[PDB]
Amino acid sequence: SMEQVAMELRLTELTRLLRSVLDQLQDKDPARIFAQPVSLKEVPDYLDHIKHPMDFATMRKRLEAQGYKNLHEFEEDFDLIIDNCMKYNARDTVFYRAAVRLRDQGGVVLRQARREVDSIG
Numbered sequence: 022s023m024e025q026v027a028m029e030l031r032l033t034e035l036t037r038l039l040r041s042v043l044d045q046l047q048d049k050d051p052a053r054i055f056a057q058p059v060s061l062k063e064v065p066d067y068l069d070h071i072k073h074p075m076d077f078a079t080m081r082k083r084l085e086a087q088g089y090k091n092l093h094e095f096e097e098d099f100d101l102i103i104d105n106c107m108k109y110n111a112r113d114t115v116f117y118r119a120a121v122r123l124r125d126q127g128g129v130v131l132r133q134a135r136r137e138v139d140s141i142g
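Be aware that the sequence shown starts at 22, since it is given in the entry's author numbering, and climbs by one per residue.
Spelled out as structure tokens, the structure:
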């Protein structure tokens, strides 16, 4: 049907918007602390602490598989990157501090993406 293509044209354009958003969020992590998953060979106990690991490469695989149905799902994954870090790492660490910064700096980008998604459907 022609209805499923119109949707596929929107999902695709939602994918195009979220890709740009992801690039902008990742620019706020120049140390690349959140780039890749936490290594299980280097932190073997990680999963005893964190039940839903998240990172930018894992979000990118999902994104290119058009696996985000809306902005809220995308934001949930971003929030996990931050919240995981703030739990696992203590307050006086480079890692916790990098998450506080990414959160604060991402807020501006996610503000405008809510308006852009609403505005363009």
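Every residue gets a Cβ at the ideal spot worked out from N, C-alpha and C, and that includes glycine.
Tell me the rounded alpha-carbon separation between residue i and residue j.
{"i": "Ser-60", "j": "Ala-134", "result": "31 angstroms"}
{"i": "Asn-91", "j": "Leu-35", "result": "7 angstroms"}
{"i": "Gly-127", "j": "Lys-49", "result": "7 angstroms"}
{"i": "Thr-114", "j": "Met-107", "result": "10 angstroms"}
{"i": "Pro-58", "j": "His-73", "result": "11 angstroms"}
Which word fits residue i, buried or exposed, when buried means at least 16 other C-beta atoms lie within 10 angstroms of its C-beta?
{"i": "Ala-119", "result": "buried"}
{"i": "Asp-98", "result": "buried"}
{"i": "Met-23", "result": "exposed"}
{"i": "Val-42", "result": "buried"}
{"i": "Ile-103", "result": "buried"}
Could you please give the first and the last residue of the uninterrupted alpha helix (DSSP H) stretch that includes residue i?
{"i": "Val-26", "result": "23 to 47"}
(message) Check whether the segment 72 to 81 and the segment 122 to 140 touch, using three or more Cβ-Cβ pairs below 8 angstroms as the test.
(response) Cβ pair count under 8 angstroms is below three, so no.
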